[PDB]
Structure formats: C-alpha cells, structure tokens
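Q: Enclosed is the structure file run_24.pdb (PDB, C-alpha atoms and all ligand atoms).
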MODEL        1
ATOM      1  CA  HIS A   8       6.605  15.914  24.140
ATOM      2  CA  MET A   9       7.161  12.404  25.483
ATOM      3  CA  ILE A  10       9.959  11.779  22.957
ATOM      4  CA  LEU A  11      12.710  14.415  23.170
ATOM      5  CA  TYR A  12      15.791  14.682  20.949
ATOM      6  CA  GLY A  13      19.183  15.560  22.404
ATOM      7  CA  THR A  14      22.808  15.857  21.349
ATOM      8  CA  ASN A  15      26.104  15.367  23.170
ATOM      9  CA  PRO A  16      28.914  17.964  23.079
ATOM     10  CA  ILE A  17      31.690  15.437  22.330
ATOM     11  CA  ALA A  18      30.825  15.798  18.630
ATOM     12  CA  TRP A  19      32.258  19.314  19.051
ATOM     13  CA  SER A  20      34.875  18.859  21.814
ATOM     14  CA  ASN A  21      36.000  15.442  23.047
ATOM     15  CA  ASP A  22      36.088  14.635  26.765
ATOM     16  CA  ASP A  23      38.608  11.775  26.671
ATOM     17  CA  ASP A  24      41.101  13.495  24.302
ATOM     18  CA  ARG A  25      40.649  17.217  24.953
ATOM     19  CA  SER A  26      42.824  18.139  21.964
ATOM     20  CA  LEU A  27      39.980  17.037  19.677
ATOM     21  CA  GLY A  28      37.784  20.069  19.193
ATOM     22  CA  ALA A  29      39.819  22.121  21.648
ATOM     23  CA  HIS A  30      39.347  25.122  19.331
ATOM     24  CA  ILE A  31      35.523  24.940  19.577
ATOM     25  CA  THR A  32      34.172  27.074  22.410
ATOM     26  CA  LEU A  33      31.171  26.244  24.571
ATOM     27  CA  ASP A  34      29.323  29.116  22.892
ATOM     28  CA  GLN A  35      29.806  27.667  19.413
ATOM     29  CA  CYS A  36      28.713  24.216  20.568
ATOM     30  CA  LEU A  37      25.535  25.461  22.272
ATOM     31  CA  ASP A  38      24.698  27.973  19.526
ATOM     32  CA  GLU A  39      24.859  25.272  16.851
ATOM     33  CA  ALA A  40      23.041  22.643  18.904
ATOM     34  CA  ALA A  41      20.157  25.092  19.393
ATOM     35  CA  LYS A  42      20.049  26.229  15.750
ATOM     36  CA  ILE A  43      19.988  22.614  14.556
ATOM     37  CA  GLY A  44      16.864  22.140  16.674
ATOM     38  CA  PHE A  45      17.882  19.835  19.526
ATOM     39  CA  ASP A  46      15.595  19.924  22.557
ATOM     40  CA  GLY A  47      18.609  19.647  24.866
ATOM     41  CA  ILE A  48      22.226  18.642  25.354
ATOM     42  CA  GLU A  49      24.140  16.405  27.752
ATOM     43  CA  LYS A  50      27.079  17.487  29.894
ATOM     44  CA  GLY A  51      30.504  18.050  28.389
ATOM     45  CA  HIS A  52      33.790  18.994  30.003
ATOM     46  CA  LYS A  53      33.498  22.686  29.048
ATOM     47  CA  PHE A  54      30.068  22.956  30.692
ATOM     48  CA  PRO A  55      29.603  24.970  33.892
ATOM     49  CA  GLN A  56      28.867  22.882  36.969
ATOM     50  CA  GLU A  57      26.974  25.384  39.140
ATOM     51  CA  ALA A  58      23.241  25.312  38.460
ATOM     52  CA  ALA A  59      22.909  29.101  38.188
ATOM     53  CA  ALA A  60      25.763  29.345  35.664
ATOM     54  CA  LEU A  61      24.514  26.337  33.690
ATOM     55  CA  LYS A  62      21.027  27.820  33.414
ATOM     56  CA  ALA A  63      22.609  31.069  32.219
ATOM     57  CA  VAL A  64      23.964  29.328  29.114
ATOM     58  CA  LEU A  65      21.195  26.827  28.361
ATOM     59  CA  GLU A  66      17.953  28.725  29.036
ATOM     60  CA  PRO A  67      18.536  31.622  26.570
ATOM     61  CA  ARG A  68      19.143  28.933  23.932
ATOM     62  CA  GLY A  69      16.098  26.875  24.873
ATOM     63  CA  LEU A  70      18.226  23.809  25.604
ATOM     64  CA  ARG A  71      17.344  21.441  28.418
ATOM     65  CA  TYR A  72      20.078  19.786  30.476
ATOM     66  CA  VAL A  73      19.593  16.169  29.399
ATOM     67  CA  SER A  74      21.919  14.552  31.947
ATOM     68  CA  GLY A  75      25.565  14.283  32.880
ATOM     69  CA  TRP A  76      28.115  11.486  32.685
ATOM     70  CA  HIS A  77      29.342  10.377  36.110
ATOM     71  CA  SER A  78      32.204   7.913  36.531
ATOM     72  CA  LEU A  79      31.875   5.066  39.033
ATOM     73  CA  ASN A  80      34.770   3.564  41.004
ATOM     74  CA  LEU A  81      32.952   0.731  42.777
ATOM     75  CA  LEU A  82      35.806  -1.690  42.015
ATOM     76  CA  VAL A  83      38.299   0.265  44.174
ATOM     77  CA  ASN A  84      35.979   2.218  46.486
ATOM     78  CA  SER A  85      33.151   1.293  48.828
ATOM     79  CA  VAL A  86      29.466   1.912  48.166
ATOM     80  CA  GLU A  87      29.267   4.708  50.735
ATOM     81  CA  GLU A  88      32.341   6.391  49.238
ATOM     82  CA  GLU A  89      30.547   6.307  45.869
ATOM     83  CA  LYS A  90      27.233   7.650  47.196
ATOM     84  CA  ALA A  91      29.225  10.625  48.478
ATOM     85  CA  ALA A  92      31.056  10.975  45.162
ATOM     86  CA  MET A  93      27.741  10.830  43.264
ATOM     87  CA  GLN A  94      25.728  13.289  45.355
ATOM     88  CA  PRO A  95      27.112  16.499  43.742
ATOM     89  CA  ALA A  96      25.883  15.347  40.323
ATOM     90  CA  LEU A  97      22.467  14.472  41.754
ATOM     91  CA  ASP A  98      22.179  17.999  43.175
ATOM     92  CA  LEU A  99      22.885  19.566  39.772
ATOM     93  CA  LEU A 100      20.530  17.247  37.877
ATOM     94  CA  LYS A 101      17.693  17.943  40.318
ATOM     95  CA  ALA A 102      18.291  21.701  40.165
ATOM     96  CA  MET A 103      18.247  21.484  36.356
ATOM     97  CA  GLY A 104      15.025  19.473  36.161
ATOM     98  CA  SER A 105      16.824  16.431  34.766
ATOM     99  CA  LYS A 106      15.345  12.989  35.390
ATOM    100  CA  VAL A 107      18.376  10.783  34.629
ATOM    101  CA  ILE A 108      21.998  10.264  35.661
ATOM    102  CA  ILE A 109      24.445   8.483  33.324
ATOM    103  CA  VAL A 110      27.086   6.301  35.020
ATOM    104  CA  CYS A 111      29.845   3.906  33.972
ATOM    105  CA  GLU A 112      32.556   2.046  35.918
ATOM    106  CA  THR A 113      35.831   3.649  34.785
ATOM    107  CA  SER A 114      38.199   2.707  37.634
ATOM    108  CA  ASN A 115      40.041   0.359  35.247
ATOM    109  CA  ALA A 116      38.644   1.566  31.910
ATOM    110  CA  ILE A 117      41.100   2.076  29.048
ATOM    111  CA  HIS A 118      39.002   4.072  26.559
ATOM    112  CA  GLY A 119      40.760   7.241  27.728
ATOM    113  CA  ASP A 120      44.247   5.743  27.351
ATOM    114  CA  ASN A 121      45.588   6.520  23.889
ATOM    115  CA  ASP A 122      48.496   4.066  24.241
ATOM    116  CA  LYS A 123      46.471   0.981  25.228
ATOM    117  CA  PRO A 124      44.842  -1.173  22.523
ATOM    118  CA  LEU A 125      41.157  -1.947  22.971
ATOM    119  CA  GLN A 126      41.894  -5.727  23.113
ATOM    120  CA  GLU A 127      43.703  -5.084  26.438
ATOM    121  CA  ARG A 128      40.507  -3.785  28.030
ATOM    122  CA  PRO A 129      39.639  -4.996  31.541
ATOM    123  CA  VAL A 130      37.395  -7.979  32.233
ATOM    124  CA  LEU A 131      35.660  -8.282  35.597
ATOM    125  CA  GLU A 132      36.443 -11.499  37.451
ATOM    126  CA  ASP A 133      33.484 -13.872  37.357
ATOM    127  CA  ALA A 134      33.208 -13.935  41.154
ATOM    128  CA  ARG A 135      33.030 -10.141  41.436
ATOM    129  CA  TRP A 136      29.919  -9.673  39.277
ATOM    130  CA  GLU A 137      27.363 -10.156  42.063
ATOM    131  CA  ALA A 138      29.037  -7.663  44.413
ATOM    132  CA  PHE A 139      29.540  -5.147  41.594
ATOM    133  CA  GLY A 140      25.872  -5.314  40.629
ATOM    134  CA  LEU A 141      24.874  -4.814  44.266
ATOM    135  CA  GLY A 142      26.994  -1.663  44.375
ATOM    136  CA  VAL A 143      25.390  -0.437  41.156
ATOM    137  CA  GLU A 144      21.853  -1.191  42.366
ATOM    138  CA  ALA A 145      22.642   0.458  45.704
ATOM    139  CA  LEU A 146      23.601   3.656  43.875
ATOM    140  CA  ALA A 147      20.523   3.329  41.652
ATOM    141  CA  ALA A 148      18.207   3.022  44.663
ATOM    142  CA  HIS A 149      19.961   5.972  46.312
ATOM    143  CA  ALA A 150      19.292   8.138  43.259
ATOM    144  CA  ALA A 151      15.732   6.906  42.688
ATOM    145  CA  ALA A 152      14.631   8.085  46.142
ATOM    146  CA  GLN A 153      15.788  11.564  45.078
ATOM    147  CA  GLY A 154      13.768  11.374  41.852
ATOM    148  CA  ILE A 155      16.681  10.515  39.536
ATOM    149  CA  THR A 156      16.782   7.360  37.417
ATOM    150  CA  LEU A 157      20.189   5.704  37.050
ATOM    151  CA  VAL A 158      21.162   4.480  33.575
ATOM    152  CA  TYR A 159      24.342   2.445  33.101
ATOM    153  CA  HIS A 160      26.221   3.222  29.873
ATOM    154  CA  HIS A 161      27.881   0.078  28.552
ATOM    155  CA  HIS A 162      31.086   1.268  26.914
ATOM    156  CA  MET A 163      34.063  -0.005  24.964
ATOM    157  CA  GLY A 164      37.204  -0.410  27.016
ATOM    158  CA  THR A 165      35.271  -1.026  30.237
ATOM    159  CA  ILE A 166      34.206  -4.122  32.130
ATOM    160  CA  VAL A 167      30.718  -3.743  30.591
ATOM    161  CA  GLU A 168      31.238  -3.871  26.818
ATOM    162  CA  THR A 169      29.940  -7.142  25.386
ATOM    163  CA  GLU A 170      26.311  -8.146  25.020
ATOM    164  CA  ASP A 171      26.880 -10.994  27.473
ATOM    165  CA  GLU A 172      28.257  -8.467  29.982
ATOM    166  CA  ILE A 173      25.162  -6.305  29.469
ATOM    167  CA  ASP A 174      23.099  -9.403  30.273
ATOM    168  CA  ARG A 175      25.202 -10.128  33.369
ATOM    169  CA  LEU A 176      24.799  -6.562  34.633
ATOM    170  CA  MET A 177      21.033  -6.707  34.093
ATOM    171  CA  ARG A 178      20.794 -10.069  35.873
ATOM    172  CA  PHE A 179      22.770  -8.824  38.899
ATOM    173  CA  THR A 180      20.844  -5.532  39.209
ATOM    174  CA  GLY A 181      17.322  -4.162  39.488
ATOM    175  CA  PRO A 182      14.698  -2.914  39.896
ATOM    176  CA  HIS A 183      15.949   0.695  40.012
ATOM    177  CA  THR A 184      19.037   0.167  37.849
ATOM    178  CA  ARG A 185      18.232   0.955  34.212
ATOM    179  CA  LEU A 186      20.247   0.441  31.041
ATOM    180  CA  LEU A 187      21.428   3.204  28.737
ATOM    181  CA  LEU A 188      21.386   1.494  25.339
ATOM    182  CA  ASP A 189      24.108   3.076  23.184
ATOM    183  CA  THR A 190      23.651   1.545  19.728
ATOM    184  CA  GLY A 191      27.158   2.550  18.655
ATOM    185  CA  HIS A 192      28.999   1.001  21.590
ATOM    186  CA  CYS A 193      26.721  -2.040  21.430
ATOM    187  CA  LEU A 194      27.519  -2.890  17.806
ATOM    188  CA  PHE A 195      31.178  -1.908  18.308
ATOM    189  CA  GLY A 196      31.354  -4.392  21.189
ATOM    190  CA  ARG A 197      30.094  -7.101  18.800
ATOM    191  CA  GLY A 198      26.602  -6.926  20.305
ATOM    192  CA  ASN A 199      23.323  -6.820  18.374
ATOM    193  CA  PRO A 200      21.422  -3.602  19.217
ATOM    194  CA  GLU A 201      18.050  -5.061  18.205
ATOM    195  CA  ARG A 202      18.520  -8.192  20.322
ATOM    196  CA  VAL A 203      19.575  -6.163  23.376
ATOM    197  CA  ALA A 204      16.451  -4.038  22.946
ATOM    198  CA  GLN A 205      14.169  -7.090  22.893
ATOM    199  CA  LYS A 206      15.630  -8.456  26.132
ATOM    200  CA  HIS A 207      15.997  -5.264  28.166
ATOM    201  CA  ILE A 208      13.696  -2.601  26.679
ATOM    202  CA  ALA A 209      11.593  -2.581  29.859
ATOM    203  CA  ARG A 210      14.730  -1.560  31.788
ATOM    204  CA  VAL A 211      16.015   0.957  29.204
ATOM    205  CA  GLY A 212      15.713   4.486  30.586
ATOM    206  CA  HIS A 213      17.903   6.383  28.086
ATOM    207  CA  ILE A 214      19.026   5.867  24.494
ATOM    208  CA  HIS A 215      22.089   7.024  22.554
ATOM    209  CA  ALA A 216      21.557   6.823  18.781
ATOM    210  CA  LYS A 217      25.193   6.430  17.724
ATOM    211  CA  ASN A 218      26.264   4.929  14.395
ATOM    212  CA  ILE A 219      29.498   3.185  13.433
ATOM    213  CA  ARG A 220      31.563   3.021  10.243
ATOM    214  CA  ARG A 221      32.094  -0.704   9.743
ATOM    215  CA  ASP A 222      35.289  -0.269   7.711
ATOM    216  CA  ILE A 223      36.929   1.797  10.460
ATOM    217  CA  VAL A 224      35.812  -0.640  13.178
ATOM    218  CA  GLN A 225      37.448  -3.462  11.223
ATOM    219  CA  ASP A 226      40.659  -1.403  11.097
ATOM    220  CA  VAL A 227      40.568  -1.028  14.890
ATOM    221  CA  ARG A 228      40.264  -4.811  15.196
ATOM    222  CA  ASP A 229      42.881  -5.773  12.590
ATOM    223  CA  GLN A 230      45.525  -3.199  13.568
ATOM    224  CA  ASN A 231      44.735  -3.433  17.303
ATOM    225  CA  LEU A 232      44.214   0.285  17.757
ATOM    226  CA  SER A 233      43.151   2.154  20.873
ATOM    227  CA  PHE A 234      39.642   3.493  21.421
ATOM    228  CA  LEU A 235      40.726   7.082  20.801
ATOM    229  CA  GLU A 236      42.703   6.156  17.687
ATOM    230  CA  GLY A 237      39.423   4.756  16.371
ATOM    231  CA  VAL A 238      37.503   7.923  17.243
ATOM    232  CA  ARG A 239      40.035  10.061  15.358
ATOM    233  CA  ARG A 240      39.687   7.726  12.357
ATOM    234  CA  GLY A 241      35.883   7.939  12.305
ATOM    235  CA  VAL A 242      34.681   4.822  14.083
ATOM    236  CA  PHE A 243      31.482   6.689  15.048
ATOM    237  CA  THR A 244      28.981   8.637  12.939
ATOM    238  CA  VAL A 245      25.354   9.780  13.094
ATOM    239  CA  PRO A 246      22.014   8.178  12.153
ATOM    240  CA  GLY A 247      21.400   8.654   8.447
ATOM    241  CA  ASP A 248      25.060   8.493   7.409
ATOM    242  CA  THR A 249      25.279   6.206   4.376
ATOM    243  CA  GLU A 250      28.661   5.031   5.719
ATOM    244  CA  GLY A 251      27.012   3.655   8.866
ATOM    245  CA  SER A 252      26.073   0.132   9.888
ATOM    246  CA  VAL A 253      23.476   0.525  12.641
ATOM    247  CA  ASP A 254      19.858  -0.280  11.732
ATOM    248  CA  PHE A 255      17.988   2.176  13.952
ATOM    249  CA  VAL A 256      14.355   1.608  12.956
ATOM    250  CA  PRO A 257      14.038  -1.924  14.449
ATOM    251  CA  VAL A 258      15.468  -0.641  17.746
ATOM    252  CA  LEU A 259      13.062   2.291  17.909
ATOM    253  CA  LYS A 260      10.182  -0.020  16.940
ATOM    254  CA  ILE A 261      10.818  -2.176  20.007
ATOM    255  CA  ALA A 262      10.892   0.986  22.121
ATOM    256  CA  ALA A 263       7.607   2.126  20.564
ATOM    257  CA  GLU A 264       5.845  -1.175  21.282
ATOM    258  CA  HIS A 265       6.876  -1.010  24.957
ATOM    259  CA  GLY A 266       5.889   2.637  25.403
ATOM    260  CA  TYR A 267       9.341   4.117  25.933
ATOM    261  CA  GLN A 268       9.367   7.757  27.006
ATOM    262  CA  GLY A 269      12.457   9.868  27.477
ATOM    263  CA  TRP A 270      15.407  11.071  25.430
ATOM    264  CA  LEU A 271      16.868   9.933  22.132
ATOM    265  CA  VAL A 272      20.363  11.458  22.075
ATOM    266  CA  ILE A 273      22.531  11.775  18.975
ATOM    267  CA  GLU A 274      26.041  11.011  20.297
ATOM    268  CA  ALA A 275      28.853  10.777  17.745
ATOM    269  CA  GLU A 276      32.439  11.474  18.756
ATOM    270  CA  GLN A 277      34.439  12.359  15.650
ATOM    271  CA  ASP A 278      37.352  14.540  14.661
ATOM    272  CA  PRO A 279      35.510  17.883  14.279
ATOM    273  CA  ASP A 280      38.144  19.271  11.891
ATOM    274  CA  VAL A 281      37.342  16.582   9.305
ATOM    275  CA  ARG A 282      33.762  15.717  10.295
ATOM    276  CA  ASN A 283      32.071  19.091  10.711
ATOM    277  CA  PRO A 284      29.897  18.962  13.863
ATOM    278  CA  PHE A 285      27.101  21.102  12.422
ATOM    279  CA  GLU A 286      26.811  19.007   9.248
ATOM    280  CA  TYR A 287      26.816  15.593  10.918
ATOM    281  CA  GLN A 288      24.664  16.524  13.899
ATOM    282  CA  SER A 289      22.172  18.141  11.501
ATOM    283  CA  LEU A 290      22.036  14.930   9.472
ATOM    284  CA  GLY A 291      21.689  12.942  12.686
ATOM    285  CA  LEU A 292      18.676  14.835  14.016
ATOM    286  CA  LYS A 293      16.831  14.813  10.689
ATOM    287  CA  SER A 294      17.464  11.107  10.171
ATOM    288  CA  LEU A 295      16.656  10.098  13.755
ATOM    289  CA  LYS A 296      13.336  11.970  13.761
ATOM    290  CA  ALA A 297      12.417  10.254  10.488
ATOM    291  CA  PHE A 298      13.427   6.843  11.876
ATOM    292  CA  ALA A 299      11.408   7.408  15.058
ATOM    293  CA  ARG A 300       8.428   8.389  12.898
ATOM    294  CA  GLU A 301       8.811   5.261  10.748
ATOM    295  CA  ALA A 302       9.048   3.130  13.903
ATOM    296  CA  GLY A 303       5.880   4.523  15.508
ATOM    297  CA  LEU A 304       7.820   5.968  18.457
ATOM    298  CA  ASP A 305       7.136   9.629  17.569
ATOM    299  CA  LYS A 306       3.770  10.735  16.187
TER     300      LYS A 306
HETATM  301 CO    CO B 401      13.087   0.068  45.731
HETATM  302 CO    CO B 402      32.717   7.858  25.810
HETATM  303 CO    CO B 403      26.806   7.111  24.618
ENDMDL
END
As a first step, turn the structure in this file into structure tokens.
Ligand SMILES: [Co+2]
Ligand SMILES: [Co+2]
Ligand SMILES: [Co+2]
A:
Amino acid sequence: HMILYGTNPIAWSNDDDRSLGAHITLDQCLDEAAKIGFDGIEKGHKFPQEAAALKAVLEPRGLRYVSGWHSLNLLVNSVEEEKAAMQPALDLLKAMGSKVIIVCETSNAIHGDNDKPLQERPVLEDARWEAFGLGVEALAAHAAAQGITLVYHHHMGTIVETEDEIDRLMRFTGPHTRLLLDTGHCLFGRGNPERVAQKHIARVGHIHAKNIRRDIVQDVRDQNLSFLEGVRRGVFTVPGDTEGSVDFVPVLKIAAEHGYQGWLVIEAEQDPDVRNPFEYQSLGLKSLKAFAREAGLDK
C-alpha cells in the first residue's frame, strides 16, 4: 500500500509528562494498536532502542516502525555535534526499514515545562533564521544520503509554531528538508492546515492527523495555561471526534492531487484515564480511512 496508517504511543503513555499513562505498559499499547488495525506505530519513550529488541515486539504484532522523534539542539550546538547526535537514530531507522526521521528544535522549547505558559514560548531572532535553516538542511542532506528523509515537526512551544514560521523554515531550507504537517499543532498555532498544505504539499514527507477541541484551546489562550495543562484538559483529539475542529478532507485532497505517498499517523495526546486510548484511536483510524477515501488519497 502506498498510503499507510499509523498511530503514536503518546495516546497511551505521554513522553513529555510521563505520569500520564504511566500505568499502561508497552505490551498493552502495542497489543491494542495492532488489534485496532494500524499498519505501524511511531517511537515512544517505553520503546526498546536496539533493533533486535524492537523487532521482537513489533514483528509478532505485524506493526511497522513508522519513525522516531529526534530532538535537535542546533541553537546551542554545532552542525557536526548534531550529526553525531543524530546518527544513532538513523542506524535504528535503517535497521527497521523506516524511510523517515522526525526532528524538532527543542533546545529552548517549553512544551515539556509544566510551569511555563505557552505564551512565553521562544521566538527565534530574525537574524538567526538563515543559519538555523542551513543547520537543518545540513542534517537533512546528511540523512538523505543514508536513505532517510528528514521531516521537521512544527510544534507548539518551539521556535517553529506559527504558519509564518513554517513558511520561514521552508524558505530557508531545501531541497532535502521536508515538512511534517501536524494538523493539530498547525491549527493550535493559529495556522490554517489547508493553506499550509497548498503551499508546501510538494515538500510534505509525513502527516500527523491530529484534531483539536476548540473550547479547550480557547481555555489555554484565555487562562494562559501551559502546553501540558492543555493536553491533560483535552486540547487534542482524533479525526472523527464530533468535538473536533480540524477539517481533514480538504487537507487529504491536496495530498491526493499531488500524489503524496507515505504515512498518515493518528497522533492524539490525551489523558488516557479519561479519554480511553482504545476508543479514541479506534475512532481515529476509522474516520481517517473514510476521510482519505472521500479525498481520493486512498482507493
Ligand atoms: Co542534494
Ligand atoms: Co509533542
Ligand atoms: Co505530531
């Protein structure tokens, strides 16, 4: 299949606040992801990191290793220091047959800081954008020569959150650097997911189909809450949730018309005690397959 459907384990156990879903084992997360019908799953903090041990848990379940998140520190480290820091993840992705590496500059990110409101998130100095993009494209070209496509995950609480900052990254990068379009983080950052698709679909190498609850997002803006406070309150949900705001079909229709191939990943951090991972991820996969069908992306 050219279009593959994945999930992300943070719907079961959160990476940034490990108390969320701490009670859910790796076995429960992988068992349920396989039963629901996902073709594969992305890396989470409970995952093994040796290729032989990671195959031992994913192959019996029929799950492919979609990719793994890898933090960048180009704002405080050199490019060479970051090529070294990135190589271990490239070795695992290659050994696992993965074609993509997910990256995001977190040196000064605040999404993992429970005490810091999202409005206090870092903004990259205007002068630094060109050098930062050159460091990103250098890492992208390093990975591409090893057969791995680099996709940058724009994220709340980081220097790349707004739609205009997604444009600036895409202007100061290329050709190997690709965008990971996360529809949840895009709309949360006041961007328009459909408009971002129109501009950058040709450079999109990975897609996260994440929904948002508009009422909860407005609470995070009015009360000036942190990123993780929002997650615990339900800022994110899955495609198909009536409480969501993201219009997925127009995004997938743009991807269909430009011949996108690769993964569509249901990613929805929530409090798993209140938002049962099996129920919401099940609704996400069903709804996202139907949306992709309606958009002409999956036939
Ligand atoms: Co080149
Ligand atoms: Co995140
Ligand atoms: Co994402």
Q: Nearest residue to ligand CO 402 (chain B) out of A:91, A:116, A:108, A:271, using all atoms listed in the file?
A: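 Comparing A:91, A:116, A:108, A:271 against ligand CO 402 (chain B), the winner is A:116.
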Q: For this structure, which residues satisfy the selection - the PyMOL selection byres (((chain A and resi 111) around 10) and not hetatm) - when it is evaluated on the file as given? I want them as a VMD selection string.
A: chain A and resid 76 to 81 109 to 110 112 to 114 116 143 158 to 162 165 to 167 187
Q: Could you write out as a compact mmCIF listing (two decimals) with C-alpha atoms, in the coordinates of the input the residues that the PyMOL selection byres (((chain A and resi 26-41) around 9) and not hetatm) matches in the shown file?
A:
# COMPACT_ATOMS: atom_id res chain seq x y z
CA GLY A 13 19.18 15.56 22.40
CA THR A 14 22.81 15.86 21.35
CA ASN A 15 26.10 15.37 23.17
CA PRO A 16 28.91 17.96 23.08
CA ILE A 17 31.69 15.44 22.33
CA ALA A 18 30.82 15.80 18.63
CA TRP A 19 32.26 19.31 19.05
CA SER A 20 34.88 18.86 21.81
CA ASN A 21 36.00 15.44 23.05
CA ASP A 22 36.09 14.64 26.76
CA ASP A 23 38.61 11.78 26.67
CA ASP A 24 41.10 13.50 24.30
CA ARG A 25 40.65 17.22 24.95
CA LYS A 42 20.05 26.23 15.75
CA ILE A 43 19.99 22.61 14.56
CA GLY A 44 16.86 22.14 16.67
CA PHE A 45 17.88 19.84 19.53
CA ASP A 46 15.60 19.92 22.56
CA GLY A 47 18.61 19.65 24.87
CA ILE A 48 22.23 18.64 25.35
CA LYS A 53 33.50 22.69 29.05
CA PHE A 54 30.07 22.96 30.69
CA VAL A 64 23.96 29.33 29.11
CA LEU A 65 21.20 26.83 28.36
CA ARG A 68 19.14 28.93 23.93
CA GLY A 69 16.10 26.88 24.87
CA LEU A 70 18.23 23.81 25.60
CA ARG A 239 40.03 10.06 15.36
CA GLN A 277 34.44 12.36 15.65
CA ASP A 278 37.35 14.54 14.66
CA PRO A 279 35.51 17.88 14.28
CA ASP A 280 38.14 19.27 11.89
CA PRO A 284 29.90 18.96 13.86
CA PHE A 285 27.10 21.10 12.42
CA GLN A 288 24.66 16.52 13.90
CA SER A 289 22.17 18.14 11.50
Q: Written as a PyMOL selection string, what is the full residue list that the PyMOL selection byres (((chain A and resi 238) around 10) and not hetatm) yields on the file shown?
A: chain A and resi 21+24+27+223-224+227+233-237+239-244+275-278
Q: When distances are computed from all atoms listed in the file, which of A:274, A:66, A:305, A:122 shows the smallest separation from residue A:246?
A: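 The shortest atom-to-atom distance to residue A:246 comes from A:274.
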Q: Here is a test: counting only C-alpha atoms, which residue of A:268, A:291, A:118, A:104 is nearest to residue A:61?
A: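 Answer, going by the shortest atom-to-atom distance: A:104.
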Q: Could you list, as a list in words, every residue within 12 Å of residue A:95, counting all atoms listed in the file and ignoring same-chain residues fewer than 5 positions away?
A: residues 56, 57, 58, 75, 77, 89, 90, 100, 101, 102, 108 and 150 of chain A
Q: From the list A:191, A:303, A:251, A:51, which residue is nearest ligand CO 403 (chain B) when using all atoms listed in the file?
A: A:191
Q: Could you report the residues within 12 Å of ligand CO 401 (chain B), using all atoms listed in the file, as a PyMOL selection string?
A: chain A and resi 144-154+156+180-184
Q: Counting all atoms listed in the file, which residue out of A:204, A:59, A:107, A:86 sits closest to residue A:155?
A: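 Among A:204, A:59, A:107, A:86, it is A:107 that comes nearest to residue A:155.
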Q: What is the distance, in Å and to one decimal place, between atom CA of residue A:245 and atom CA of residue A:117?
A: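 Those two atoms sit 23.7 Å apart.
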